[PDB]
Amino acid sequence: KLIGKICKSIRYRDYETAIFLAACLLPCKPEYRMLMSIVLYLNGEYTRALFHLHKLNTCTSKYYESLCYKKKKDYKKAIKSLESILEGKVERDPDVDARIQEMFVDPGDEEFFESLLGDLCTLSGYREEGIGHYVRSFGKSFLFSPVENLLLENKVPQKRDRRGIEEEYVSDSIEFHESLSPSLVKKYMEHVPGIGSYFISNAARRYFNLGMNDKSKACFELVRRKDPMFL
């Protein structure tokens, strides 16, 4: 019964209870040390979570391991942890309560690993390799970090000329970068706060890089007022 109570505590962001109830559960059902690690991560306790994670070796454990390492800025270890997964040197997580299983990581969701790998390479001083992970990630699925970094580098992969409001956001961005289209700016101006906050923000940045400081400040000023806390 401790499981349902732990889930309920997570849902209420009552993490101390979840950590305590998790601690009680370690003996009975060891197939749950992952859960302890997660709740500890959620509570901002990365060094403690790592202690439990070292005792494990699954895709989910190595993933949270990388997250904890990243919080601690140990990028080399963060990277090593992720590669274990992508290189397929981890075991399948245990069959567990269904409510717990949902919190687990599927090795088929490689967008998330390549994305994190992109961030790590970048933060670690390997920008070009990072871009390569962002590219490989974006190839499977839209995620925020690969998209924003690829747009920033103008290195987003395009067809010869797949769907979604976000994929349209990317299309517009690629186009605006090379065209500075005012119709595009006006289109996204109406959605601030919202998707427009990102588009106009990126617009302002492009303008600066082009020396057009006037439009650059206009764009920034807009977001600063309609969404001051975004920036």
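For every residue, the number given is its place in the sequence shown, counted from 1.
- Between 134-142 and 82-90, the higher mean Cα B-factor belongs to 82-90.
- When the two stretches 180-188 and 197-205 are set side by side, the higher mean Cα temperature factor goes to 180-188.
- Between the residues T122, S115, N149, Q158, the entry's highest C-alpha temperature factor is the one at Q158.
- Remark: of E31, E65, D172, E45, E31 shows the highest value [criterion: C-alpha B-factor in the PDB entry].
- Annotation for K8: CA B-factor lies in the lowest third of the chain's modelled residues.
- Sorting the modelled residues of the chain by their CA temperature factor places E111 in the lowest third.
- Per the PDB record, residue ranking by Cα B-factor puts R99 in the highest third of the chain.
- Remark: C24 belongs to the middle third of its chain, ranked by C-alpha B-factor as recorded.
- Ranked by C-alpha B-factor against the other modelled residues of its chain, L53 falls in the middle third.
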